[PDB]
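J.:
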Amino acid sequence: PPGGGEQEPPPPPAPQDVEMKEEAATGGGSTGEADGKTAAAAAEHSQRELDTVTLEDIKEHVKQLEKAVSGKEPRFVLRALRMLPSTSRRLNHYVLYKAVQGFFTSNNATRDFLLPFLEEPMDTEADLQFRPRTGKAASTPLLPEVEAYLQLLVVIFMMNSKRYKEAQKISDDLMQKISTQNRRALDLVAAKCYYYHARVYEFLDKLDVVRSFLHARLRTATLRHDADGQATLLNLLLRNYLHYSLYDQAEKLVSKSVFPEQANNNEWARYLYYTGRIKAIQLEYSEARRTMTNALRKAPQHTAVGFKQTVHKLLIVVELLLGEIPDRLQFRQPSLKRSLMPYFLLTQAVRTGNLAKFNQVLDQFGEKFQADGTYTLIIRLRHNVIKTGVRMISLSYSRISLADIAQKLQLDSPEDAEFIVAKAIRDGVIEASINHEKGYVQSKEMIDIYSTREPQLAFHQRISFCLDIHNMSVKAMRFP
Amino acid sequence: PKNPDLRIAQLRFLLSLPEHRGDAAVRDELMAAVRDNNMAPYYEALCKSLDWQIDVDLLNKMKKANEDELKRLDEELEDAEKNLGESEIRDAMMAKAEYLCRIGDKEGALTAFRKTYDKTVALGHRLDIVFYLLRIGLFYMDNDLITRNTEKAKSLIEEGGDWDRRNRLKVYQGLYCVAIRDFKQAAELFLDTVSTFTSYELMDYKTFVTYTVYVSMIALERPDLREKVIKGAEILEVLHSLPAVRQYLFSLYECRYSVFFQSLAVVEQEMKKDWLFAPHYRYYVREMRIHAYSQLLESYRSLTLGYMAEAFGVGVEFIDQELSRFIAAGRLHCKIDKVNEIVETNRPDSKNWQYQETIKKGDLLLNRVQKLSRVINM
Amino acid sequence: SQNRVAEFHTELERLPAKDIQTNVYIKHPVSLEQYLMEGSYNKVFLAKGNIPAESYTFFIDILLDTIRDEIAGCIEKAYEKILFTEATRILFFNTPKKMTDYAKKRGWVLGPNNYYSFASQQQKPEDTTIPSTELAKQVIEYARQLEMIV
Amino acid sequence: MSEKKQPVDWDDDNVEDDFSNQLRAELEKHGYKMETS
Amino acid sequence: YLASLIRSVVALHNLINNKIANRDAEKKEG
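Chains as they are written, first to last, in our numbering: chain A, 316 to 795; chain B, 923 to 1300; chain C, 1154 to 1303; chain D, 7 to 43; chain E, 255 to 284.
(1) In the DSSP output, what is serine 748 of chain A paired with across the bridge?
(2) Please list the partners that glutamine 1298 of chain C has in chain A, where partner means a Cβ-to-Cβ separation under 8 Å.
(3) Along chain A, in chain order, which residues have C-beta atoms closer than 9 Å to that of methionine 1190 of chain C?
(4) Which complete alpha helix (DSSP H) runs does the region 978-1060 of chain B hold, if anything under 4 residues is left out?
(5) When the cut-off is 7 Å and only beta carbons count, does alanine 357 of chain A lie next to chain B?
(6) Tell me, to the nearest whole angstrom, how far the beta carbon of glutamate 1266 of chain B is from that of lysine 1257 of chain B; I am working on the premise that it is less than 8 Å.
(7) Which bits of chain C does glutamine 564 of chain A rub up against, with CB to CB less than 8 Å?
(8) Please look up how many angstroms separate the CB atoms of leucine 1174 of chain B and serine 1216 of chain B, rounded, as I've assumed it's under 8 Å.
(9) Does any residue of chain A bring its CB to less than 7 Å from the CB of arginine 277 of chain E?
(10) Would you call the CB atoms of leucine 710 of chain A and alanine 1250 of chain B closer than 7 Å?
(11) Spell out whether any CB of chain C is found under 7 Å from the CB atom of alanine 737 of chain A.
(12) Which runs of the alpha helix (DSSP H) fall wholly inside the region 1210-1266 of chain B and span at least 4 residues, in chain order?
(13) In this structure, does DSSP put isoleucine 715 of chain A in helix, strand or coil?
(14) Should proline 459 of chain A go down as buried or exposed, given a rule of 16 or more other Cβ atoms within 10 Å for buried?
(15) For chain E, find out if any of its Cβ atoms is closer than 7 Å to the Cβ of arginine 793 of chain A; answer yes or no.
(16) In whole angstroms, give me the CA-to-CA distance for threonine 402 of chain A and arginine 363 of chain A.
(17) Measure from the alpha carbon of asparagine 1266 of chain C to the alpha carbon of each residue in C:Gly1202, C:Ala1206 and C:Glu1233, then state which is nearest.
(18) Helix, strand or coil for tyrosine 412 of chain A, going by three-state DSSP, please let me know.
(19) Under 7 Å, do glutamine 331 of chain A and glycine 386 of chain A count as touching if we go by C-beta distance?
(20) Does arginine 768 of chain A have its Cβ less than 7 Å from a Cβ in chain E?
(21) Relative to the C-alpha of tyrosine 1127 of chain B, which residue among B:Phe1112, B:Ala1141 and B:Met1139 is closest?
(22) Could you check whether the Cβ of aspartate 18 of chain D sits closer than 7 Å to any Cβ belonging to chain A?
(23) Report the three-state DSSP secondary structure of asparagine 1274 of chain B (helix, strand or coil).
(24) Could you tell me which of A:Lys652, A:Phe673, A:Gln679 and A:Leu552 sits nearest to residue 852 of chain A, measuring between CA atoms?
(25) Along the chain, where does the alpha helix (DSSP H) containing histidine 942 of chain B start, and where does it finish?
(26) Nearest-angstrom Cα distance between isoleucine 1213 of chain C and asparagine 699 of chain A?
(27) What residue does the alpha helix (DSSP H) around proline 459 of chain A start on, and which one ends it?
(28) Is it buried or exposed, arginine 397 of chain A, if we count other Cβ atoms within 10 angstroms and call 16 or more buried?
(29) Kindly indicate which three-state DSSP category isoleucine 593 of chain A falls into: helix, strand or coil?
(30) In angstroms with no decimal places, state the Cα-to-Cα distance between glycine 1237 of chain B and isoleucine 976 of chain B.
(31) Between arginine 277 of chain E and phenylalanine 794 of chain A, what straight-line distance do the alpha-carbon atoms span, to the nearest angstrom?
(32) Compare the Cα-Cα distances from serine 8 of chain D to each of A:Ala732, A:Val620, A:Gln663 and A:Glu746 and report the closest residue.
(33) Could you give the distance in angstroms between the alpha-carbon of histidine 942 of chain B and the alpha-carbon of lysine 702 of chain A?
(34) Using a beta-carbon distance below 7 Å, is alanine 1250 of chain B in contact with chain A?
(35) By the 10 Å Cβ neighbour count, where 16 or more other Cβ atoms means buried, how is residue 1343 of chain C classified, buried or exposed?
(36) Which word fits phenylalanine 1105 of chain B, buried or exposed, when buried means at least 16 other C-beta atoms lie within 10 angstroms of its C-beta?
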């Protein structure tokens, strides 16, 4: 009594009001922007969906007793919304269900009444006009049954409900809604379904069936137009291609669909991370590092989002092969716990010439390296150490006898030194030249001058940028 | 002083890292411990140091006698005198808290000061209490404590009473010197040399001058170094008594490099034995060596390393290896040769320098306007 | 052997443990790849005579030939004159049996020790100061986007 | 935003750039370099 | 590089003010 009766008053008040008014305002705005301003892409619909994704999902995992959030289904289960009294009475029913739940015990679902709270919800003269509301209130029950964090008696229901919602949205878009483009929401739905499939493929077989379904799903897109649809499906599919079945790489290399220019910024980071991974695994290193750094600064601004850790654990190896990382710059407070234990010991061994310590660290942390799915290091990093030494020699000296590098890089012979330096110059790490006569290695000509035709080539790019920005800005000014 | 002696802190450091040096310092460290009956700290140190000697009984009984005498005095005062604020009870518990700081651990003393700070209304007493907190925090290098109370003093109080504040323009810098960061700050605020409390303000004058010289030679080399330190008769007075330091300065200024390295070896050796400076000895030696190398490399454009082999020290291969190490790291702005031993210096023309600066400052700003425009507009 | 090194590693992802600890058959080709990633070459010819499976020489001969021709290509020489004895040191084996083959198409001479032939020197020839036709285009374009917005 | 990537598994001296153990301090190296010549 | 830039920053400033004012005038009537 002291823990259940006394803690009952505090809980009931907040979910009774704040969540209900939240979904009320969101539905009102959705109805307003679907009725007027058919170009309703720019609205609070996306902000509402993001807030529901961020805030409402985490506030609860259990079935929300005392009819606070489980009661919404028995509220909207009978909705007509044909004329003014029908919509008014459906809102009144919502209010009355909230009042009853705050006064007495309202309708409860015992892990099996959600289908009647879902079948009857689409029954009782339900309104198609709020198709987005149907989708939202059908997907929200997924996350509770998904984020129940139990994975018992809810994953199967999750899969069935997901299939129901997918079928509903496919039949809805079969009519090709006019001046509405519900896809702006559908995408999230799609992602959500993939979620449970992963959960399904975490509780059962992988997402190959999902793979076929989503090939069909992007095929039904890309035809009319694209509105944030394909931009999600592509990275979902190449996520599954690389999801513990990553051994498949050959194909996606021929995924030649253009990636849409105007996309949600958060997704561009996923796209560039996966492009970097695929580029680096097949041994191209010039483009990989630059595009991955472009990815990192694209959308990192958050309090420890989490995958920045992984991109760092990749950019360190992918640029270890070519030079030096900021040795102490990036080991700060978030990543410090992980990155430091293996990667720091590595780069420290790499700058030094200690092969035995390299083997020691490899033996110690190979399990962690394989767990991260980045075991390329032994494959190439162990046998490409001498490249760094050649780079250093390039930076310091400008005229040296190749008979000296052998004692400087412990090669013990001049001829194989000639071979390795020639290979390095052909690879383009250094542009020196060799006198094949008397053990003479010379640098290229001095830097000619920094103001002949190489500068203005950059200022042209910057003008293109600046004038483009000004035009983009001036166009979309004051719609009404 | 409020703290019994920062000297004792220096001593404990001088005895901690070297076990071999557990002979000379302890000889008077034990005397300083037994005197004043500041017993509470040394027990653990004695667990770390030499084993034990039976004196805890008498030290405990005398500390307890003083404790109870002071407590009875203060309670009788609070029962007979009924004034608050800056009244007699306040100073009685000042005596108690000061005795705790002098003798015991920091927790009880700091709690006493916490319970007495709200009692005051006079700003001078608040400044005195924050000074007590600064001294006790700097005694054990409790970083967050001093970071909080320095801001407390410098913001909440420093708008009324003045000139009793120059006692603090030398403590900001004690902190900025114990941590490697910002030698520039300490150099530019140890600029004043009218020090006040000779030993109540921690270290003695002469040590203060050696510290200002030591830091200053880094933050500014020959951008009017002379008009600040060479023309400073006030420090020329005291360094006239110390030959080593004046030899060091005038060896670097007059371009006499061999004696300069001798002196720097001496300075590095003695800086090893310190408390505030010991962590950064090895950032000093390296950032001085490189300054001298670039100072001589200027005024030449094609030098022969056989010339530095003598005009700067000895050991052709030695300067070879050092030049290699420093050039690779992006410093000692030049290039090298090996077949005929001719170090050639390259230096960007002004125009190239300005072009290189703009090419990055601009695109950095462009990236920020890019992100701004992307967040706005949906 | 057929110099598809790019598609080599991308097939090596599938094998989690049999490629290192045991199973000599997979061990051999990755080891040879590692040997040929460093400038080490003589070790390849030294270790050629150890194959765990059957002869498989039908590919090892082609691999040796491709390595030879790649190493030759790396020694790209602008100067038409190089001492042929330097090539003789390289693993070209017979003094004129294959020297004639390179001589027919490649430059230098076949074991002369004073090579004479066409040169591979390259000069930028960027003396021309006239990108005027296109640079004028660019400038007019800037004027184009300073206007025509109303 | 949550990416389902399961991220969750001393001195304020700032950046230390690159320091490598030399063992011998400058005083030792130069002190005995001079002895040779 | 020094005349285009201060021609874009002005345009962003004007856009920010416009969106602020238009949305404010919208919610004021709602």
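Built from N, CA and C at the ideal position, the CB exists for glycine as well.
T.: Reading off the structure:
(1) A:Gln757
(2) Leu782 and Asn786
(3) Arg695, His698 and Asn699
(4) 978-1002, 1010-1025 and 1028-1039
(5) yes
(6) 5 Å
(7) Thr1163 and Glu1166
(8) The pair is not a contact, with the Cβ atoms about 13 Å apart (cut-off 8 Å).
(9) no
(10) yes
(11) yes
(12) 1227-1233 and 1238-1250
(13) strand
(14) buried
(15) yes
(16) 22 Å
(17) C:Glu1233
(18) helix
(19) no
(20) no
(21) B:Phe1112
(22) no
(23) helix
(24) The shown model of chain A, from 316 to 795, leaves out residue 852 of chain A, and the question about it has no answer.
(25) Where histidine 942 of chain B is concerned, there is no enclosing alpha helix (DSSP H), given that its DSSP letter is neither H nor E.
(26) 25 Å
(27) 457-461
(28) exposed
(29) helix
(30) 58 Å
(31) 11 Å
(32) A:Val620
(33) 46 Å
(34) yes
(35) This structure cannot settle anything about residue 1343 of chain C, because the visible part of chain C is limited to 1154 through 1303.
(36) buried
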